[PDB]
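Heads up: the structure comes next, in C-alpha cells.
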Amino acid sequence: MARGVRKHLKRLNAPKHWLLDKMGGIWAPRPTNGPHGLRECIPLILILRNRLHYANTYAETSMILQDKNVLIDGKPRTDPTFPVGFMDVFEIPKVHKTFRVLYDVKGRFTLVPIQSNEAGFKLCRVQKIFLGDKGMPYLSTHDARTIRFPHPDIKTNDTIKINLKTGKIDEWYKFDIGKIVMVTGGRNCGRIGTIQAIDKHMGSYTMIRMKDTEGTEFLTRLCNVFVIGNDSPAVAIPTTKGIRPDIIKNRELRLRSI
Amino acid sequence: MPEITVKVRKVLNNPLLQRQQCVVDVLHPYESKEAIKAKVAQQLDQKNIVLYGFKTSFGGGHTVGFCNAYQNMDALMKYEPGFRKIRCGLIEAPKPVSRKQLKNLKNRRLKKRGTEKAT
Amino acid sequence: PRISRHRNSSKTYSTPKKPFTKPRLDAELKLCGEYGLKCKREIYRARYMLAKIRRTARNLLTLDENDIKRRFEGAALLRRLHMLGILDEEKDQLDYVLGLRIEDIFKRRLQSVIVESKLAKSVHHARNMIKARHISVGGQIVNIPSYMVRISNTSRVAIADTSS
Amino acid sequence: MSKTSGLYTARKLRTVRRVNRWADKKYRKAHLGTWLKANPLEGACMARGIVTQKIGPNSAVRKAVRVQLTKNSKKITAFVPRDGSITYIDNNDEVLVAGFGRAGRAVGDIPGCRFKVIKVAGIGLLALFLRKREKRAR
RNA sequence: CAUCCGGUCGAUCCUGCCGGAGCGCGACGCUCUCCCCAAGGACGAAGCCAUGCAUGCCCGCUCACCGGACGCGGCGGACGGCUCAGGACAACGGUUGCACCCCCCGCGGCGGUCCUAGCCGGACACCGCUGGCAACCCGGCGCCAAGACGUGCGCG
RNA sequence: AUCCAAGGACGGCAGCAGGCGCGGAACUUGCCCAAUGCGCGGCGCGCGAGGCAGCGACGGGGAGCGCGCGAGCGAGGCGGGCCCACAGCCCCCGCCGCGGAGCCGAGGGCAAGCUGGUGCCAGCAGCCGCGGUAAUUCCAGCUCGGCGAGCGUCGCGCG
Ligand SMILES: [Mg+2]
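Protein chains in written order, with the authors' numbering: chain E, 1 to 258; chain Y, 1 to 29, 33 to 47, 51 to 125; chain J, 2 to 165; chain X, 1 to 56, 62 to 143.
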C-alpha cells in the first residue's frame with residue numbers, strides 16, 4: 001500500500017476517450033484537483049497541443065500558459081494540467097476563438113465555437129443541498145462551486161444558469177418529464193433526447209427513460225442526466241443533433257471520406 | 001537540373017509564438036535545404055526560417071518536411087530549441103562539460119562544511 | 002520499463018502435421034516451378050492467409066443472412082477481396098469464398114502481373130529484374146518480389162523511369 | 001446408468017475424477033513428487049559432475070564411467086556413446102552429463118545405465134569426434 | 001485447420017502398453033551474407049558486497065566578498081524504481097456501505113472574537129577571535145536579519 | 001563487516017553499472033535530460049525515472065549466393081546530404097566495385113543406393129533390430145533425400 005497519494009499516471013492506464021497514442025511514451029499528464037474529477041475532465045495541454053496544435057511540446061504550452069494567453073470561465077489559468085470539464089467556457093482573445101466544451105456522440109470531448117451573446121453564462125447541475133455554519137443554506141454543482149442563500153423553489157438535480165462575471169443565478173430549469181436532456185455518463189454519452197418516464201427503486205438508483213428526436217429510446221441512471229433547456233436547447237450545440245449512427249452508416253461515411 | 005517544385009501544406013498561424021506553421025514537400029526526381040529556404044520564403051527575411059524535419063522517401067523522388075517562419079528574430083531567439091539554434095547559423099556552441107565531473111564536484115562540495123568555495 | 006516491450010509480434014505461417022508425404026512434396030515442387038518460388042515458407046504463408054479467409058467465411062455463413070454482424074463483416078471481406086482482385090467482380094456471395102485456392106493468391110503477385118503483361122521473359126527473369134530495381138509499381142519503384150498488386154494499380158505497373 | 005447424470009451432481013463428478021486420476025503411472029510419476037526427489041538430476045536438463053573411474062543376445066561390452074554430481078554428492082553411471090571417446094575421457098575430468106531419450110528408464114541393451122556424456126573440459130563430444138576442435142589444454 | 005504408423009504369434013482377430021510423427025519454453029553442439037523489430041542473473045543462494053552515481057529547488061531574510069557565496073526559512077523527499085521472502089475463509093477479483101471515518105496541494109465560498117496598532121521583545125545561523133581530536137565530531141565569547149519564535153490591538 | 005595515532009568511530013545495492021559464490025543457465029563500472037512526465041520556481045534547474053548508443057543466433061519478419069550467350073546488379077570502400085542533445089544507423093546522391101550453406105539422414109515407421117575395411121570385436125540402435133565373411137543399419141569414398149541461414153541433441157507442458 002502506497003504511503004501517500006499518487007502523483008503519476010501511466011499512459012496505458014489513462015482514460016480511453018483522451019485518445020493517447022500507445023507509443024507516445026510511458027507517462028501521461030496527471031490532472032490536478034479542481035473543478036472536475038480525473039475521469040470527468042481533460043487536461044488543458046491535451047487540448048492545446050494534441051488538437052488545436054498551437055504547441056508542439058510541453059515547453060511551448062508552459063510558455064503560452066505562463067504568459068496568460070488562455071481564459072477559463074473568465075479567469076486566466078497557468079497550469080498545464082488544469083482540468084477542463086463539461087459546459088465550460090474556453091476563450092483565446094488573441095485569435096478571437098470562443099469555445100464551449102461539450103460531448104460528441106462517440107463519447108469524446110469537443111469544442112463548439114460560439115458567439116459573444118451567450119459566452120457570459122454557463123449551465124451547471126445542482127446535486128447537493130445542505131445546511132452550513134449557523135444553519136445558512138448552501139448548494140453545490142458539478143464544477144465545485146458553492147452559492148449561499150438560494151431560492152427555496154430550487155431543488156436537487158435541477159439545472160442553474162449563472163453569469164461568468166458574477167456567480168448569481170439568473171434562471172433555473174426544473175427536472176421534469178417532457179424536458180430535453182443530454183446524457184453525460186456511460187454507454188450513451190453525448191446523446192440528446194427528451195424524458196418520457198421516471199422509475200425509482202428504494203435505496204438504490206433511479207432510472208430515466210428518454211426518446212431521441214428520431215424515435216430511438218434508451219435508458220441510464222439519474223447521476224448522468226443533464227438538462228439543457230425547456231423543449232429546446234438554451235445553448236448552441238455541435239452540427240449533429242445528438243444522433244448516434246449505426247456501424248453501417250459510420251462505415252459508409254468513412255468510405256465517402258476516403 | 002530538374003526544377004524542384006516545392007509546396008506548402010497545413011499552414012497555421014501562431015500569434016502566440018509569432019510564427020507560421022508549415023509542412024513543405026520538395027519534388028526532386033536537392034540543395035541541402037538552403038535553397039528550399041528561399042523557395043518557402045517566396046511561397047509565403052529569408053533568415054527568419056528554420057527547417058528541422060526532413061526525410062527522403064524510398065527512391066528519393068519525394069521529400070517532405072516542416073517549416074517555421076518567425077515574425078522577427080527576437081521572437082525566434084525566445085522561441086526555438088537551443089540545439090536548433092546551433093544547427094542553424096545563429097549561435098556558437100561552447101565546448102560541453104561531462105556531467106560525470108559535475109556530479110563528482112557536487113558530491114565533493116556537499117561533503118565539505120561552511121565555506122566550500124575552495125573546490 | 003522500456004517502450005520497446007509494448008511492440009506486438011506474431012508468426013505468419015504453419016507447417017504440415019505430416020511432413021513426409023509424397024503427393025504434397027510433388028505438388029509443392031510443381032507450384033514452385035510454375036511460380037519460381039524460393040523456399041517453402043511462402044506456400045505456408047499462403048495457406049495461412051487462405052485458412053483465415055475460410056474461417057471468417059464459415060463463421061459468417063453459420064449466421065442468418067439478415068444478421069447485422071453478418072452484413073458488416075461480409076461486406077468488408079468482399080470489398081477487400083475485390084480490391085485485391087483475388088475474387089472476381091461478378092461474385093458477391095460469401096459462398097464463393099470457400100472455393101478460393103492459393104493459386105488465385107499467386108496470380109496477383111508482382112512477378113505474376115509482370116509476366117502476364119509480357120514485360121518479362123520468365124518468372125526467374127522477372128525476379129532478377131525486380132531485384133535490380135527496374136520496375137515502377139504505380140509511380141513508386143518496388144523491389145519486393147512478393148508485393149501484391151491491387152486491381153487499380155495493375156494497369157499502372159511500369160518500368161522504372163530511371164533504369165537504364 | 002453407471003455414472004451419475006443428475007443436474008445437481010457436479011461435486012461428485014469432480015471428486016471422482018480427482019480420486020481416479022491418480023491411477024495413471026505417468027500422472028503419478030509427474031505429479032506425485034517421489035521421482036523428483038529420487039532423481040539425481042532434480043529436474044535439470046543436464047548436470048555438471050566429476051568422473052572417478054572408467055568401466056565398460063548382443064555380447065558387446067559398452068563403455069561407461071562412474072560420476073559424482075557436484076551439487077548432489079550421489080553416484081551414478083553415464084555411458085559414453087561415440088566410438089573412440091573412451092580415450093578422450095581421463096580420470097578426474099570435469100564432465101557434463103545429460104539423459105537418454107527415455108526419461109528415467111534404461112535405453113537399449115545397456116543394463117543399469119540411464120545417462121550420456123556430452124562434454125569434457127568444456128568441449129562438445131561431437132565437435133571433438135569429428136576433429137572440429139581439440140583437447141590440447143587437457 | 002475433426003488424420004495416424006511399427007512391436008506379443010507357426011499364422012489370425014482383440015485388450016493393452018511401449019516407440020514414432022507436431023507446437024511452444026529453455027539449455028548444449030555445429031554453422032552463419034544483408035536489413036528491420038526485439039528478451040536479457042527468476043528457476044528450493046530474500047546469499048555476500050569493493051568502486052562510482054541514483055533529490056534537489058526557490059519566490060522571503062544581504063553592512064558577506066565586489067549583487068553570485070554561506071546559512072535561517074519554505075516546498076519536496078510517504079511519488080518513482082527493485083524483488084516475490086513471507087502469507088492458503090488471508091491476499092486478490094467482481095459487487096455494497098460509512099445514518100461508525102480521516103484527508104495535503106488545487107478549485108469555489110465564507111470571513112462579526114468577551115475581559116506602542118505610523119508597527120512590540122529576545123535569540124540563533126552564517127560570520128570574527130579563541131580551541132580541542134588520528135578520524136567522526138564539536139566547545140567558549142562576541143555585535144546582527146526574518147513571510148522564523150514569543151506576546152498581541154479586535155463587532156462572542 | 002570496516003577504519004584506529006587502540007582511546008574511539010562507522011555499515012546495510014531485492015536502485016543503475018561492476019565483483020565473489022552458485023548453478024545447465026543469463027550484457028557496458030557508456031552519454032544526455034532534446035523527447036514523456038515528476039519536484040521547485042516565471043523566460044530555468046535536477047532526475048542511472050526516462051531516452052540514445054554497446055554486447056546480444058531467447059527469438060520474430062523481409063531479401064540474397066544469379067539470369068542469360070550480354071548486359072546488369074548487389075554486399076564492400078571512398079566523399080557529399082539527411083537525421084541526431086553529439087555521434088552513429090535507415091534512406092538519397094557521385095566515384096571504385098569480394099557473389100560465400102551448413103546441419104541431419106539413406107532397412108521399416110520415414111522422403112532418400114556402389115566399392116574397400118572389420119569380423120557377436122570396434123560400434124549403431126527413441127522401438128523392431130544390424131554386426132558370428134555381400135554388413136542394404138558400424139568405419140570411409142561416390143551418389144542421393146529433407147530443411148535451409150538455419151540444423152540437430154537434452155528436459156518440461158499441450159496434442
Ligand atoms: Mg478577546
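All C-beta atoms, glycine included, are put in the ideal place defined by N, C-alpha and C.
Option nearest residue i by Cα separation, candidates the options
i: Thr184/E; options: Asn13/E, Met87/E, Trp18/E and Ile258/E; result: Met87/E
i: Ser5/J; options: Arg108/E, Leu139/E and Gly25/E; result: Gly25/E
i: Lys7/Y; options: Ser35/Y, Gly95/Y, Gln18/Y and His68/Y; result: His68/Y
i: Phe226/E; options: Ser204/E, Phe218/E and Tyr173/E; result: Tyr173/E
i: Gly215/E; options: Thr206/E, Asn224/E and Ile195/E; result: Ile195/E
i: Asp80/Y; options: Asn54/Y, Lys118/Y and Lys40/Y; result: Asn54/Y
i: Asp95/X; options: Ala103/X, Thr52/X, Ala10/X and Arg119/X; result: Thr52/X
i: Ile4/Y; options: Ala124/Y, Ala44/Y, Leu27/Y and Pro100/Y; result: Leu27/Y
i: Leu74/X; options: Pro62/X, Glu139/X, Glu42/X and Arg14/X; result: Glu42/X
i: residue 1/J; options: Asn129/J, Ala161/J and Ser153/J; result: In the structure as shown, chain J begins at 2 and stops at 165. Residue 1/J is therefore absent and cannot be evaluated.
i: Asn14/Y; options: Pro83/E, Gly203/E, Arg49/E and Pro29/E; result: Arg49/E
i: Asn117/E; options: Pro31/E, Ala234/E and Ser257/E; result: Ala234/E
i: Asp93/J; options: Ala77/J, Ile106/J and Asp105/J; result: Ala77/J
i: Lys76/X; options: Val102/X, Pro116/X and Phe134/X; result: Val102/X
i: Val5/E; options: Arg30/E, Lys16/E and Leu19/E; result: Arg30/E
i: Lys68/E; options: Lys94/E, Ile243/E and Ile160/E; result: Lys94/E
i: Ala65/X; options: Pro116/X, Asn20/X, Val72/X and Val100/X; result: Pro116/X
i: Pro76/E; options: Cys189/E, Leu164/E, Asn56/E and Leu9/E; result: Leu164/E
i: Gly229/E; options: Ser257/E, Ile177/E, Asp143/E and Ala55/E; result: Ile177/E
i: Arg109/J; options: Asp96/J, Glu91/J and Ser153/J; result: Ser153/J
i: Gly34/E; options: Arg221/E, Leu44/E and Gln66/E; result: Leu44/E
Helix, strand or coil at residue i according to DSSP, with G and I counted as helix
i: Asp104/E; result: coil
i: residue 49/Y; result: Chain Y lacks the residues between 47 and 51, and residue 49/Y is one of those with no coordinates.
i: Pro24/J; result: helix
i: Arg48/J; result: helix
i: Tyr76/Y; result: strand
i: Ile42/E; result: strand
i: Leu32/X; result: coil
i: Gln45/Y; result: helix
i: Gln112/J; result: helix
i: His68/Y; result: strand
i: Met149/J; result: strand
i: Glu60/E; result: helix
i: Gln107/Y; result: helix
i: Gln21/Y; result: strand
i: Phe105/X; result: coil
i: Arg102/J; result: coil
One or two residues paired with residue i in a DSSP bridge
i: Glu217/E; result: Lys211/E
i: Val112/E; result: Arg100/E
i: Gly139/J; result: Paired residues: none, contrary to the question.
i: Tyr14/J; result: For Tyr14/J, which the question treats as bridged, DSSP gives no partner whatsoever.
i: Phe121/E; result: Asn163/E
i: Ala159/J; result: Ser137/J
i: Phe226/E; result: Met182/E
i: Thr206/E; result: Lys200/E
i: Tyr54/E; result: Bridge partners of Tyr54/E: none, in fact.
Any non-hydrogen atom of ligand 3 closer than 6 Å to residue i Cβ
i: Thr146/E; result: Ligand 3 is not part of this structure, which contains only ligand 1.
Report the residues of the stretch 9-25 of chain Y with a CB closer than 8 Å to any CB of chain E, ordered along the chain. Closer than 8 Å at the C-beta level to chain E, one finds these residues of the stretch 9-25 of chain Y: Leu12, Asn13, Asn14, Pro15, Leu16, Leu17 and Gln21.
Could you please tell me which residues of the stretch 9-31 of chain E, in chain order, have their CB closer than 8 Å to any CB of chain J? Against chain J - using a Cβ distance shorter than 8 Å - the residues of the stretch 9-31 of chain E are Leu12, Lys22, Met23, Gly25 and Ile26.
Using a Cβ-Cβ cut-off of less than 8 Å, give me the residues of the stretch 85-102 of chain E that come near chain Y, in sequence order. Answer in chain order: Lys94 and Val95.
For the stretch 6-32 of chain J, list every residue whose C-beta sits within 9 Å of some C-beta in chain E, in sequence order. Residues passing the 9 Å Cβ filter: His7 and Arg8.
Using a beta-carbon distance cut-off of less than 7 Å, what residues from the stretch 121-154 of chain J approach chain Y? Under the 7 Å Cβ criterion, the stretch 121-154 of chain J contributes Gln141 and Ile142.
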